[PDB]
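J.: Let's see this in three dimensions:
(chains A and B, ligands or ions: 2)
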Amino acid sequence: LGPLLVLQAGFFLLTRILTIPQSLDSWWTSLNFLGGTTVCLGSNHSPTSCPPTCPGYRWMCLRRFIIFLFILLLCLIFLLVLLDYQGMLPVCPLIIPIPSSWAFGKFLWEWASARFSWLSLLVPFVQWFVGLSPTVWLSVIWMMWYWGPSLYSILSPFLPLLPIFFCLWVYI
Amino acid sequence: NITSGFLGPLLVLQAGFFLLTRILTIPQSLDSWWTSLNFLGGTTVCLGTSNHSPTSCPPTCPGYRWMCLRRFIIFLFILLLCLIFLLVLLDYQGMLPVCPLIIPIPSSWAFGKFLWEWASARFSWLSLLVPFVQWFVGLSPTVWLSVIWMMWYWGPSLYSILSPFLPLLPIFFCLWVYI
Ligand SMILES: [Zn+2]
Ligand SMILES: [Zn+2]
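T.: Numbering: from 1, shown residues only, chains lettered A, B, ... in the order given. Ligands and ions are numbered 1, 2, ... in the order given. Take a look:
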């Protein structure tokens, strides 16, 4: 009795995972428009779910595949985070006792700061911003969500004059 | 002296401008490419005129917010991809010291070796599928190409039995009961 239920649950969860790409590419295709789907060029079916006869269906499958690939990658990265959180990646820090946790992250950041040498200047600013934002981060996300495209639109006309006087500054 | 002295830094300025303007549009190119994948390789129109493509919304159009979002999202992925690439490069030089599971550090692909060894350790059944894959390589390459092409031909036929798929767990479950 138990094993039948276990197998049914496993199959249903596998179906959920396999249909995730449907939902995800449908969401992204919604992003293309003002939050609303469309109709595949050629019964007017959305290009996120075409019938097998529809030519776009072939494309859809390819699309479903790529999304799925990214998902796995994300999952992998997510997995790769947890191990790094738990300190199961015994990465030797640049010259020694091991970093109990986040060894990979600390090593990677140390290497980047040591080599690129401008992230050294960037890090103080980012640390300032994050530390000063226990809750300000939430508000600036809201501002970015609303004003961010707007401020980008206002800065963009002066976006190309920006390199000109940046060059002037570099000359001086 | 003065001529070349000025041109040098200014040459760097011009080259930087050109490279940044060529490489900062890649989010737009990839967004347009995916939107093309959505409709058999075509642009279509936005919801808002001149019928501009939805990946090049003017600021007046309401989609410029929307577009930016996905453009930004695409931009993020690029960094991630780049990061992967960067990692995929560093491991080759062995610049990632990862101690192997129980000792000298691996000369190259240390991170890849540790990850694969740990993953194989965690799942015993996974390795069971490894040999057949090699056999797939070990089989006739032409046979593998024919199989893949038939699957492409059988993809629509693959899901032509998609409706019977749902009962698959029950009947197999029934087998598990009778097993
Ligand atoms: Zn279609
Ligand atoms: Zn638009």
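J.: hmm, stretch A:100-116 in reach of chain B?
T.: Yes: Stretch A:100-116 is in contact with chain B by Cβ under 8 Å from any Cβ of the partner chain, via A:107, A:111. The C-beta positions use only the backbone N, C-alpha and C, and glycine is treated the same way.
J.: Give me the distance between that stretch and the centre of its chain.
T.: 21 Å (Cα atoms, centre = their mean, to the nearest Å).
J.: ok, now stretch A:102-120?
T.: 21 Å.
J.: for stretch A:93-108, same thing?
T.: Relative to its parent chain, stretch A:93-108 has a centroid offset of 25 Å by Cα atoms, centre = their mean.
J.: Could I get the buried residue list for it?
T.: By neighbour count on 16 or more other Cβ atoms under 10 Å in any protein chain shown, the buried set for stretch A:93-108 is A:99, A:102-104, A:107-108.
J.: One more: stretch A:56-67?
T.: Across stretch A:56-67, burial judged by 16+ other Cβ under 10 Å covers A:56-57, A:59-61, A:63-64, A:67.
J.: same question, stretch A:68-76
T.: Under 16+ other Cβ under 10 Å, the buried positions of stretch A:68-76 are residue A:68.
J.: Now do the same contact list for the nearest residue to residue A:92 once chain neighbours are set aside.
T.: Nearest non-adjacent residue to residue A:92, counting by Cβ to Cβ, 6 or more residues apart in numbering or on different chains: residue B:97, 4.0 Å away. Neighbour list for residue B:97: A:91-92, A:107, B:105, B:110 [criterion: Cβ atoms under 8 Å, 6 or more residues apart in numbering or on different chains].
J.: SS state for the residue in chain A positioned nearest to ligand 2?
T.: Proximity of chain A to ligand 2 (Cβ to the ion) peaks at residue A:34, 8.3 Å away. Following DSSP: H, G, I helix; E, B strand; the rest coil, residue A:34 is assigned to coil.
J.: Secondary structure element for the residue most central in space within chain A, which one?
T.: Most central in chain A under Cα atoms, centre = their mean is residue A:74, positioned 8.0 Å from the mean C-alpha point. Remark: residue A:74 resides in helix A:56-86, with elements defined by DSSP states H and E.
J.: element containing residue A:137?
T.: helix A:136-155.
J.: Following the chain onward from that helix, which element is next?
T.: Sequence order places helix A:161-171 as the next helix or strand after helix A:136-155, per DSSP H and E.
J.: Kindly export that following helix (C-alpha atoms) in PDB.
T.: The C-alpha trace of helix A:161-171 is given here as PDB (Å, rounded to 0.1, in the frame of the first residue of the first chain):
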ATOM      1  CA  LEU A 161      27.900  62.900 -23.300                       C
ATOM      2  CA  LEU A 162      29.000  60.900 -20.300                       C
ATOM      3  CA  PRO A 163      31.900  59.200 -22.100                       C
ATOM      4  CA  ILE A 164      32.900  62.600 -23.600                       C
ATOM      5  CA  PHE A 165      33.500  64.400 -20.300                       C
ATOM      6  CA  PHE A 166      34.800  61.100 -18.800                       C
ATOM      7  CA  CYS A 167      37.400  61.300 -21.500                       C
ATOM      8  CA  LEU A 168      38.000  64.900 -20.600                       C
ATOM      9  CA  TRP A 169      38.500  63.900 -17.000                       C
ATOM     10  CA  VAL A 170      40.900  61.200 -18.000                       C
ATOM     11  CA  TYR A 171      42.900  63.700 -20.000                       C
END
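J.: That concludes my questions; thank you for your assistance.
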